[PDB]
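Engineer: Below you will find the structure I want to go over with you.
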Amino acid sequence: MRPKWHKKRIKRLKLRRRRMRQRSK
Amino acid sequence: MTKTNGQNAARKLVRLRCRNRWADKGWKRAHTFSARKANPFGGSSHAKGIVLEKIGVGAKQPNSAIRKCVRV
Amino acid sequence: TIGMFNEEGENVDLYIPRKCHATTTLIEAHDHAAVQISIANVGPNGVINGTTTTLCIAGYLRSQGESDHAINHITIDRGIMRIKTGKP
Amino acid sequence: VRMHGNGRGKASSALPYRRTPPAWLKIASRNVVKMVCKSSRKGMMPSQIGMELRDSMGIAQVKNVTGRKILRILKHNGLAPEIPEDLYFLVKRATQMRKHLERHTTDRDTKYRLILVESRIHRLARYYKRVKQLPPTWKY
Amino acid sequence: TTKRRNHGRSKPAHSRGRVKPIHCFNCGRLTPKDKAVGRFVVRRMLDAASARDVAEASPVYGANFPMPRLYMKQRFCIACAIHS
Amino acid sequence: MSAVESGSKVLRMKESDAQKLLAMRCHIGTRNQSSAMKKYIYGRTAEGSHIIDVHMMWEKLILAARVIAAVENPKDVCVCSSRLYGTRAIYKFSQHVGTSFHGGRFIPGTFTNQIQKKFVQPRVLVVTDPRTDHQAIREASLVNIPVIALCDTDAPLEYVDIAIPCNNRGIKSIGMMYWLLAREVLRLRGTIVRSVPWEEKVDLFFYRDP
Amino acid sequence: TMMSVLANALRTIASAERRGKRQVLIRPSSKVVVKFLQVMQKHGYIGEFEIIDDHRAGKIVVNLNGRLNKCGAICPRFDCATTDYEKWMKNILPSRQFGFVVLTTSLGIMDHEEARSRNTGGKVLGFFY
Amino acid sequence: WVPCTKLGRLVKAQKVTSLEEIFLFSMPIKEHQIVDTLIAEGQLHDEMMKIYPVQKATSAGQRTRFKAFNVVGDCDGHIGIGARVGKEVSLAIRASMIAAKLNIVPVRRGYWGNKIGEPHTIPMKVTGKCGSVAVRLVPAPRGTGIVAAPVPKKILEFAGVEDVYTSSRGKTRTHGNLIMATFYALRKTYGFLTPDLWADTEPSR
Amino acid sequence: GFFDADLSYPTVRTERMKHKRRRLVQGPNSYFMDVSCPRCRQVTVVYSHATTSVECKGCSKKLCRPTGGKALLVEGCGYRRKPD
RNA sequence: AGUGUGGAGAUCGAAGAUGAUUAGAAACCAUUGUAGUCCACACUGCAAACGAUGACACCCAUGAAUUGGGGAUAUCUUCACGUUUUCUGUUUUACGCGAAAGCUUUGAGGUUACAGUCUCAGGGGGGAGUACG
RNA sequence: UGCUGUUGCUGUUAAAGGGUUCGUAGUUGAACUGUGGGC
Ligand SMILES: [K+]
Ligand SMILES: [Mg+2]
Ligand SMILES: [Mg+2]
Ligand code: NA
Ligand code: NA
Ligand code: NA
Ligand code: NA
Ligand SMILES: [Zn+2]
């Protein structure tokens with residue numbers, strides 16, 4: 001797909017991972 | 001152009017080669033102690049094991065066959 | 001003395017190429033652009049003397065437009081043209 | 001010109017090959033030396049002294065008439081400036097720039113130019129201290 | 001694969017950094033001024049058939065006094081110029 | 001060569017030879033100017049016209065004669081002119097000497113295609129205008145043929161060897177120029193010791209309207 | 001900023017020689033430049049040259065006779081012993097029959113054939129053939 | 001044989017009976033019979049390296065043609081190469097041999113150090129380039145042989161060189177350009193101005 | 001033409017057009033003059049490319065005028081060049 | 001573009017709303033409309049941030065032009081312009097080089113005939129500019 | 001295997017010039033003090 005859209009997907013996943021790590025810590 | 005040519009510039013050339021040598025996939029694998037850690041044999045040429053199951057692996061296209069394999 | 005001769009005393013050169021009269025460049029067989037011009041000599045009476053002067057130029061000079069300049073300089077040195085104008 | 005910026009100009013002056021003063025100059029070297037001391041007393045800088053001598057007196061080059069340079073004469077008489085002339089004019093420019101900037105704080109072009117003149121001062125002051133034309137531990 | 005040595009605009013290797021964009025005449029797309037195709041057009045208000053009728057019925061316009069025209073400068077994007 | 005061997009000075013730009021060049025305007029050149037021909041340009045007059053020095057123009061004329069007259073077979077040499085103004089000049093020039101001439105549009109491949117029945121392999125090739133005779137000059141390079149050309153002020157002096165700085169744009173200018181060359185070559189060969197004057201008429205060389 | 005006068009001077013001659021010129025102007029000059037030219041003149045690779053004085057680093061006008069193919073400078077000036085001569089000819093020279101490598105020794109500036117005769121080493125300066 | 005050129009007539013009339021006359025005046029050769037006339041039929045060996053097909057896509061399919069490469073030489077200082085195309089592989093073979101004989105070029109040979117006996121090596125380092133392939137030739141001492149790849153070695157033997165060092169770069173698997181680059185390296189040996197030919201050259205008519 | 005130039009001995013017309021620092025040997029471009037003053041009966045030496053104000057004794061107003069190039073001479077005076 | 005605090009709010013306009021379109025329209029089209037857009041101060045430090053071409057210095061063929069300054073010697077009004085040189089910029093149109101497209105006094109030239117000085121990156125394609133710190 | 005390139009590599013479009021500058025260690029850095037004479 002579009003590399004910009006793929007980068008958006010990566011950013012969303014990283015944000016979700018950061019939130020989950022903060023809540024789980 | 002892409003080089004230093006000074007007479008007293010041996011230190012720069014030594015560090016340039018040392019750093020760029022890590023870009024070799026072959027050279028880095030030999031000089032990294034993490035090598036042979038993921039190798040099941042542990043760096044040796046042969047190994048012994050116990051046969052536990054028989055499997056059949058299909059051939060990749062454009063070839064059609066069942067390759068007889070064994071899980072050890 | 002032109003050519004290469006071994007210490008034995010035999011000339012090994014199969015042939016001797018011509019040399020350009022402008023830049024001393026060896027004329028090669030594969031040129032197919034170099035030219036040779038013969039200029040006649042005329043005696044006091046006004047008639048040719050039966051012989052000619054030969055000069056050769058390379059094909060590179062012709063292909064650059066500099067052949068005319070070289071000829072106008074070679075002919076001055078050899079005496080087939082007057083370098084300056086007359087005096088009233 | 002070239003130290004800072006993209007300028008590549010070449011304007012300058014070319015000195016003559018023959019360093020013999022012209023035969024029509026009737027002034028003795030004693031009068032020339034006496035005349036650069038008077039001008040230095042007026043408060044003029046060495047560069048301004050040479051231009052006044054050249055413009056309205058016929059002395060094209062002092063070194064070719066008296067045999068010694070203008071700053072050498074002033075140093076012998078103890079009238080040389082406290083700090084070198086080129087360093088003095090650079091410090092004067094930087095002082096006026098900072099006075100301007102304390103009122104027009106959004107002038108971001110003059111802040112870039114101010115950075116360049118102070119880098120020039122540090123490179124210049126480092127050279128004078130090495131040749132001992134400035135006191136050690138001199139800071140701007 | 002470079003298609004044009006000027007890259008479709010009149011801006012050489014490095015003499016400017018940015019040029020004010022303008023709107024296309026038809027679609028309104030924003031394009032740099034030096035890249036947009038620009039023409040100046042002067043046109044007659046009426047065609048030959050209509051001009052004769054108006055000139056005959058007008059005590060002001062005629063053989064000596066000519067009729068006014070419309071002068072405009074038109075800048076188009078590269079797509080709108082080809083289609084037109 | 002203006003300077004004759006042994007210092008005879010027989011071949012020189014006499015007074016009578018001078019008026020012929022100025023009468024037919026063989027020194028008036030085009031307002032354009034090329035770097036190759038800059039040496040042969042003397043100065044610029046009114047209306048931007050450039051003038052060719054007569055001395056070097058005359059000097060190049062004699063050299064061309066010493067080359068044309070040095071061939072054992074006069075029929076070997078070929079003279080070409082694609083411009084219609086030079087067709088008359090090239091014809092009657094060939095009549096007195098014995099060279100061959102061609103006019104019109106140059107069929108390409110004449111000097112290289114061995115299959116073609118019009119194969120011509122001269123040792124000297126002469127053209128009227130280098131700009132409009134590019135096909136003949138270009139083909140001459142591949143076969144080692146020297147070229148003698150009549151060059152105006154603006155001229156692509158490429159692959160040429162002997163250049164005659166003169167005018168070749170006018171009817172009178174072209175006809176006059178071949179008269180000097182035709183008159184010269186016969187004198188060197190020995191047909192006439194002086195030929196002063198000569199019963200041959202310049203207007204015969206002129207391209208009268210057919 | 002120009003860092004080597006000799007490298008700049010040798011590059012001007014080679015460029016002018018390739019274009020088939022008759023004279024070339026060299027600017028600026030020095031003692032090493034003039035000494036290098038005298039070695040080329042001794043073996044007949046160039047003609048007469050003139051040095052013009054202008055109360056600064058002067059200029060040299062050199063006459064070329066078409067017998068020179070290429071001249072160049074070696075930077076940095078590596079040290080050459082009496083045993084290292086064989087390796088230098090085999091690297092930067094077209095053959096073992098012609099060409100010269102110029103060295104600066106305690107005796108002076110000379111070609112490698114002369115230096116080997118006097119049993120001297122030095123620093124490589126350039127070459128010509 | 002009916003010669004169709006002035007030079008061909010001279011070789012037919014025995015006026016020009018030496019190959020160096022063509023090389024001296026750089027006269028182009030238009031007929032292969034001139035070489036056969038000027039060289040004995042027993043001292044001219046010809047061999048063909050390889051033939052590969054080339055295809056052009058058409059509306060209904062493809063069209064295939066064959067290209068052939070030929071090399072000739074006397075093993076004494078002459079070499080020529082040629083490459084022609086034809087619809088039939090037999091026709092391309094015939095045309096290649098004619099073309100090679102029209103590109104005969106002299107080759108200069110020299111000595112490595114001591115000048116005794118007969119020449120055995122090229123005089124100075126030379127290189128030739130065609131496409132991305134470049135071949136460098138270096139003189140070698142006596143009793144070394146041809147240190148070269150199998151394709152360039154065959155060309156060097158036909159030329160008459162006995163000892164040489166070679167090297168290559170680029171895509172050497174493209175044998176169309178590898179053959180053509182070796183030819184330029186050898187052809188360049190007569191263009192170098194060594195001090196043995198500095199002056200005292202006389203012209204001729 | 002027909003003459004080959006020499007770089008060590010250039011012709012007059014070639015050297016007269018060159019820049020002062022581009023000549024074979026660089027040199028000055030200026031000179032000095034004698035001025036009889038607008039009203040003073042004295043003699044003054046004035047530089048050609050003078051940038052500072054220059055006055056007289058009996059007509060001490062202005063002997064020249066500064067300019068981006070050669071100084072502009074004040075009218076009603078006498079100027080003559082000097083050797084060297 | 002985005003963030004914070006105070007202004008301002010004409011035009012346009014992410015989000016949203018209502019029409020069209022479409023098997024379907026969340027879109028392309030139409031009418032609106034909030035944040036934005038504008039200002040001051042404080043953050044952010046990224047772009048097809050491109051000439052996809054690091055900085056300094058030398059040589060180099062032809063014809064165009066054009067911007068700023070200076071030198072010498074045909075017209076107009078009561079400063080502008082014409083001709084030829086010159087220094088600095090800024091563009092168009094040969095040897096040589098390149099796989100080619102193409103570059104070419106302002107190189108991608110002067111390089112297997114390989115050395116002017118310094119500096120930043122690359123080593124088959126993905127995983128991935130991802131994980132851990 | 002000049003695919004680690006000191007000898008000896010690539011960086012417009014194939015992998016790869018930093019958005020632009022300033023700057024310290026470091027690397028590099030213009031010319032000159034000199035034609036010995038005679039037999
Ligand atoms: K931009
Ligand atoms: Mg709205
Ligand atoms: Mg890329
Ligand atoms: Na819409
Ligand atoms: Na804002
Ligand atoms: Na970036
Ligand atoms: Na190897
Ligand atoms: Zn549009």
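Chain lettering (A, B, ...) mirrors the order of the structure tokens, residue numbering begins at 1 for each chain separately, and ligand numbering begins at 1 in order of display.
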As a quick test: using only C-alpha atoms (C1' of nucleotides) and all ligand atoms, which residues lie no more than 12 Å away from ligand 4? Give them as a ChimeraX atom specification.

Structural biologist: /J:13,19-20,27-32

Engineer: Can you tell me which residues surround residue 128 of chain G at a distance of at most 8 Å, considering only C-alpha atoms (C1' of nucleotides), apart from same-chain residues fewer than 4 positions away, and format the answer as a compact mmCIF listing (two decimals) with C-alpha atoms, in the first residue's frame?

Structural biologist:
# COMPACT_ATOMS: atom_id res chain seq x y z
CA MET G 40 63.00 17.09 -18.50
CA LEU G 68 56.00 14.55 -24.07
CA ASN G 69 53.11 12.19 -23.33
CA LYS G 70 52.26 12.79 -19.66
CA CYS G 71 53.88 14.38 -16.61
CA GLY G 72 52.53 14.16 -13.09
CA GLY G 99 60.34 7.04 -18.76
CA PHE G 100 61.84 8.58 -15.65
CA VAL G 101 60.95 8.94 -11.97

Engineer: For ligand 8, list the contacting residues at 9 Å or closer, counting only C-alpha atoms (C1' of nucleotides) and all ligand atoms, as a list in words.

Structural biologist: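 Using only C-alpha atoms (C1' of nucleotides) and all ligand atoms, I find these residues within 9 Å of ligand 8: residues 23, 24, 25, 26, 27, 28, 29, 30, 75, 76, 77, 78, 79, 80 and 81 of chain E.
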
Engineer: Write the residues of the selection above to a file with N, CA and C atoms, as a PDB file, in the first residue's frame.

Structural biologist:
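The result, written out as out04.pdb:
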ATOM      1  N   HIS E  23      -3.466  31.018  -8.766  1.00  0.00           N
ATOM      2  CA  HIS E  23      -4.585  30.145  -9.096  1.00  0.00           C
ATOM      3  C   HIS E  23      -4.739  30.014 -10.604  1.00  0.00           C
ATOM      4  N   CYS E  24      -5.051  28.803 -11.056  1.00  0.00           N
ATOM      5  CA  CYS E  24      -5.334  28.578 -12.465  1.00  0.00           C
ATOM      6  C   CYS E  24      -6.610  29.303 -12.876  1.00  0.00           C
ATOM      7  N   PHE E  25      -6.691  29.642 -14.162  1.00  0.00           N
ATOM      8  CA  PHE E  25      -7.830  30.410 -14.652  1.00  0.00           C
ATOM      9  C   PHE E  25      -9.117  29.598 -14.604  1.00  0.00           C
ATOM     10  N   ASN E  26      -9.042  28.300 -14.897  1.00  0.00           N
ATOM     11  CA  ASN E  26     -10.244  27.478 -14.992  1.00  0.00           C
ATOM     12  C   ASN E  26     -10.573  26.769 -13.679  1.00  0.00           C
ATOM     13  N   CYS E  27      -9.677  25.901 -13.210  1.00  0.00           N
ATOM     14  CA  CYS E  27      -9.979  25.068 -12.054  1.00  0.00           C
ATOM     15  C   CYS E  27      -9.595  25.704 -10.727  1.00  0.00           C
ATOM     16  N   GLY E  28      -8.740  26.722 -10.733  1.00  0.00           N
ATOM     17  CA  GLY E  28      -8.325  27.356  -9.500  1.00  0.00           C
ATOM     18  C   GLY E  28      -7.204  26.666  -8.762  1.00  0.00           C
ATOM     19  N   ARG E  29      -6.513  25.725  -9.397  1.00  0.00           N
ATOM     20  CA  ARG E  29      -5.414  25.025  -8.749  1.00  0.00           C
ATOM     21  C   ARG E  29      -4.228  25.960  -8.531  1.00  0.00           C
ATOM     22  N   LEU E  30      -3.531  25.774  -7.411  1.00  0.00           N
ATOM     23  CA  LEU E  30      -2.376  26.600  -7.078  1.00  0.00           C
ATOM     24  C   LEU E  30      -1.128  26.045  -7.749  1.00  0.00           C
ATOM     25  N   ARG E  75      -3.449  32.726 -16.872  1.00  0.00           N
ATOM     26  CA  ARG E  75      -2.433  31.751 -16.506  1.00  0.00           C
ATOM     27  C   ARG E  75      -3.116  30.437 -16.165  1.00  0.00           C
ATOM     28  N   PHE E  76      -2.651  29.349 -16.771  1.00  0.00           N
ATOM     29  CA  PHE E  76      -3.263  28.039 -16.613  1.00  0.00           C
ATOM     30  C   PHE E  76      -2.259  27.044 -16.053  1.00  0.00           C
ATOM     31  N   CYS E  77      -2.778  26.011 -15.398  1.00  0.00           N
ATOM     32  CA  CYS E  77      -1.947  24.885 -15.018  1.00  0.00           C
ATOM     33  C   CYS E  77      -1.603  24.059 -16.255  1.00  0.00           C
ATOM     34  N   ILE E  78      -0.617  23.174 -16.105  1.00  0.00           N
ATOM     35  CA  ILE E  78      -0.144  22.419 -17.260  1.00  0.00           C
ATOM     36  C   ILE E  78      -1.219  21.467 -17.770  1.00  0.00           C
ATOM     37  N   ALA E  79      -2.088  20.974 -16.886  1.00  0.00           N
ATOM     38  CA  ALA E  79      -3.162  20.094 -17.332  1.00  0.00           C
ATOM     39  C   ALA E  79      -4.243  20.866 -18.077  1.00  0.00           C
ATOM     40  N   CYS E  80      -4.653  22.021 -17.544  1.00  0.00           N
ATOM     41  CA  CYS E  80      -5.730  22.785 -18.164  1.00  0.00           C
ATOM     42  C   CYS E  80      -5.322  23.342 -19.521  1.00  0.00           C
ATOM     43  N   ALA E  81      -4.025  23.564 -19.736  1.00  0.00           N
ATOM     44  CA  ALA E  81      -3.567  24.062 -21.029  1.00  0.00           C
ATOM     45  C   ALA E  81      -3.659  22.987 -22.105  1.00  0.00           C
TER      46      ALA E  81
END

Engineer: Within 10 Å of residue 53 of chain I, counting only C-alpha atoms (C1' of nucleotides), which residues qualify if same-chain residues fewer than 6 places away don't, as a PyMOL selection string?

Structural biologist: (chain D and resi 52+55-56) or (chain I and resi 61-66)

Engineer: Residues within 12 Å of residue 7 of chain K, please, as a VMD selection string. Count only C-alpha atoms (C1' of nucleotides); anything in the same chain fewer than 2 positions from it doesn't count.

Structural biologist: (chain G and resid 87 to 88 91 to 92) or (chain J and resid 114 to 115) or (chain K and resid 2 5)

Engineer: Could you save those same residues with N, CA, C and O atoms (P, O5', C5', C4', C3', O3' and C1' of nucleotides) as a PDB file, in the first residue's frame?

Structural biologist:
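The resulting file, selection-v1.pdb, is reproduced below:
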ATOM      1  N   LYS G  87      60.271  -1.359  -7.614  1.00  0.00           N
ATOM      2  CA  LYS G  87      58.823  -1.374  -7.446  1.00  0.00           C
ATOM      3  C   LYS G  87      58.172  -0.108  -7.989  1.00  0.00           C
ATOM      4  O   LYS G  87      57.020  -0.150  -8.432  1.00  0.00           O
ATOM      5  N   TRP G  88      58.881   1.021  -7.969  1.00  0.00           N
ATOM      6  CA  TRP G  88      58.285   2.270  -8.426  1.00  0.00           C
ATOM      7  C   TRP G  88      58.218   2.346  -9.945  1.00  0.00           C
ATOM      8  O   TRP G  88      57.240   2.861 -10.495  1.00  0.00           O
ATOM      9  N   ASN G  91      55.294   0.250 -11.313  1.00  0.00           N
ATOM     10  CA  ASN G  91      53.954   0.729 -11.005  1.00  0.00           C
ATOM     11  C   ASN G  91      53.524   1.914 -11.862  1.00  0.00           C
ATOM     12  O   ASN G  91      52.462   1.866 -12.486  1.00  0.00           O
ATOM     13  N   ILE G  92      54.319   2.982 -11.907  1.00  0.00           N
ATOM     14  CA  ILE G  92      53.888   4.235 -12.513  1.00  0.00           C
ATOM     15  C   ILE G  92      54.556   4.487 -13.857  1.00  0.00           C
ATOM     16  O   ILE G  92      54.422   5.583 -14.408  1.00  0.00           O
TER      17      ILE G  92
ATOM     18  P     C J 114      48.283   7.520 -14.295  1.00  0.00           P
ATOM     19  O5'   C J 114      46.879   6.946 -13.820  1.00  0.00           O
ATOM     20  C5'   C J 114      45.698   7.730 -13.923  1.00  0.00           C
ATOM     21  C4'   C J 114      44.694   7.367 -12.860  1.00  0.00           C
ATOM     22  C3'   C J 114      45.137   7.639 -11.426  1.00  0.00           C
ATOM     23  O3'   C J 114      44.012   8.056 -10.659  1.00  0.00           O
ATOM     24  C1'   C J 114      44.599   5.361 -11.662  1.00  0.00           C
ATOM     25  P     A J 115      44.030   9.475  -9.915  1.00  0.00           P
ATOM     26  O5'   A J 115      45.229   9.342  -8.884  1.00  0.00           O
ATOM     27  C5'   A J 115      46.312  10.258  -8.915  1.00  0.00           C
ATOM     28  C4'   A J 115      46.428  11.020  -7.622  1.00  0.00           C
ATOM     29  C3'   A J 115      47.483  12.120  -7.616  1.00  0.00           C
ATOM     30  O3'   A J 115      47.030  13.199  -6.800  1.00  0.00           O
ATOM     31  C1'   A J 115      47.984  10.537  -5.939  1.00  0.00           C
TER      32        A J 115
ATOM     33  P     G K   2      40.288  -8.005  -5.238  1.00  0.00           P
ATOM     34  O5'   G K   2      39.104  -6.965  -5.577  1.00  0.00           O
ATOM     35  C5'   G K   2      38.944  -5.792  -4.743  1.00  0.00           C
ATOM     36  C4'   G K   2      38.546  -4.624  -5.608  1.00  0.00           C
ATOM     37  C3'   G K   2      37.919  -4.988  -6.963  1.00  0.00           C
ATOM     38  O3'   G K   2      36.624  -4.418  -7.102  1.00  0.00           O
ATOM     39  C1'   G K   2      39.629  -3.344  -7.224  1.00  0.00           C
ATOM     40  P     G K   5      41.023  -3.394   1.978  1.00  0.00           P
ATOM     41  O5'   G K   5      40.786  -2.296   0.852  1.00  0.00           O
ATOM     42  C5'   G K   5      41.867  -1.572   0.295  1.00  0.00           C
ATOM     43  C4'   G K   5      41.421  -0.729  -0.870  1.00  0.00           C
ATOM     44  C3'   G K   5      40.682   0.560  -0.545  1.00  0.00           C
ATOM     45  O3'   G K   5      41.575   1.618  -0.242  1.00  0.00           O
ATOM     46  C1'   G K   5      39.681  -0.567  -2.402  1.00  0.00           C
TER      47        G K   5
END

Engineer: Ranking G:34, G:115, G:52, G:64 by minimum distance to chain C and counting only C-alpha atoms, which one comes first?

Structural biologist: G:64

Engineer: Can you list, as a list in words, every residue of chain B that DSSP puts in strand (DSSP E)?

Structural biologist: residues 53, 54, 55, 56, 57, 58, 66, 67, 68, 69, 70 and 71 of chain B

Engineer: Filtering to N, CA and C atoms, could you give me those residues as a short mmCIF file (atom, residue, chain, number, x, y, z; two decimals), in the first residue's frame?

Structural biologist:
data_model
loop_
_atom_site.label_atom_id
_atom_site.label_comp_id
_atom_site.auth_asym_id
_atom_site.auth_seq_id
_atom_site.Cartn_x
_atom_site.Cartn_y
_atom_site.Cartn_z
N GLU B 53 8.98 -38.16 14.50
CA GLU B 53 7.82 -38.13 13.63
C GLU B 53 8.28 -38.10 12.18
N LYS B 54 7.37 -38.50 11.29
CA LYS B 54 7.57 -38.41 9.85
C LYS B 54 6.58 -37.40 9.28
N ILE B 55 7.07 -36.53 8.40
CA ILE B 55 6.24 -35.49 7.81
C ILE B 55 6.44 -35.48 6.30
N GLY B 56 5.54 -34.80 5.61
CA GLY B 56 5.64 -34.63 4.17
C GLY B 56 5.49 -33.18 3.77
N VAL B 57 6.55 -32.61 3.20
CA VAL B 57 6.59 -31.19 2.87
C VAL B 57 6.39 -31.04 1.37
N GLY B 58 5.42 -30.22 0.98
CA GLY B 58 5.17 -30.00 -0.43
C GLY B 58 6.26 -29.18 -1.08
N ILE B 66 5.76 -34.32 -3.09
CA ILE B 66 5.77 -34.41 -1.64
C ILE B 66 7.14 -34.93 -1.22
N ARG B 67 7.89 -34.10 -0.50
CA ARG B 67 9.23 -34.45 -0.07
C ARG B 67 9.18 -35.07 1.32
N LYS B 68 9.70 -36.29 1.44
CA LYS B 68 9.64 -37.02 2.70
C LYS B 68 10.66 -36.45 3.67
N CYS B 69 10.19 -35.98 4.82
CA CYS B 69 11.03 -35.35 5.82
C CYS B 69 10.77 -36.00 7.17
N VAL B 70 11.66 -35.72 8.12
CA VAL B 70 11.61 -36.31 9.45
C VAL B 70 11.94 -35.24 10.48
N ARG B 71 11.20 -35.22 11.58
CA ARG B 71 11.43 -34.29 12.68
C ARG B 71 12.25 -34.98 13.76
#

Engineer: Show me which residues are within 7 Å of ligand 1 counting only C-alpha atoms (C1' of nucleotides) and all ligand atoms, and format the list as a PDB file with N, CA, C and O atoms (P, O5', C5', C4', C3', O3' and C1' of nucleotides), in the first residue's frame.

Structural biologist:
ATOM      1  N   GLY E  17      14.563  30.378  -4.472  1.00  0.00           N
ATOM      2  CA  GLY E  17      14.177  29.265  -3.635  1.00  0.00           C
ATOM      3  C   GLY E  17      12.692  28.995  -3.684  1.00  0.00           C
ATOM      4  O   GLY E  17      12.260  27.845  -3.583  1.00  0.00           O
ATOM      5  N   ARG E  18      11.897  30.046  -3.855  1.00  0.00           N
ATOM      6  CA  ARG E  18      10.451  29.924  -3.820  1.00  0.00           C
ATOM      7  C   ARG E  18       9.838  31.041  -4.643  1.00  0.00           C
ATOM      8  O   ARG E  18      10.345  32.164  -4.651  1.00  0.00           O
TER       9      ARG E  18
ATOM     10  P     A J  49      11.442  19.411  -1.560  1.00  0.00           P
ATOM     11  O5'   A J  49      12.955  19.143  -1.073  1.00  0.00           O
ATOM     12  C5'   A J  49      13.209  18.940   0.338  1.00  0.00           C
ATOM     13  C4'   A J  49      13.784  20.203   0.927  1.00  0.00           C
ATOM     14  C3'   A J  49      15.309  20.250   1.063  1.00  0.00           C
ATOM     15  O3'   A J  49      15.900  20.756  -0.126  1.00  0.00           O
ATOM     16  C1'   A J  49      14.274  20.944   3.103  1.00  0.00           C
TER      17        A J  49
END

Engineer: I'd like to know which of J:45, J:54, J:133, J:36 is closest to ligand 6, using only C-alpha atoms (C1' of nucleotides) and all ligand atoms.

Structural biologist: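 Closest candidate: J:45.
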
Engineer: Using only C-alpha atoms (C1' of nucleotides) and all ligand atoms, which residues have at least one atom no more than 10 Å from ligand 3? Output them as number ranges by chain.

Structural biologist: J: 52; K: 11-16

Engineer: Please indicate the distance in Å from atom CA of residue 187 of chain F to atom CA of residue 204 of chain H, rounded to one decimal place.

Structural biologist: 27.4 Å

Engineer: Which residue, B:2, B:32, B:8, B:63, has the smallest gap to chain G when you use only C-alpha atoms?

Structural biologist: B:8

Engineer: With a distance cut-off of 10 Å and only C-alpha atoms (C1' of nucleotides), select the neighbouring residues of residue 88 of chain J, excluding the residue or stretch itself and same-chain residues fewer than 5 positions from it, and output the selection as a list in words.

Structural biologist: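 Near neighbours after the sequence-gap exclusion: residues 7, 8, 9, 10 and 11 of chain D; 68 and 69 of chain J.
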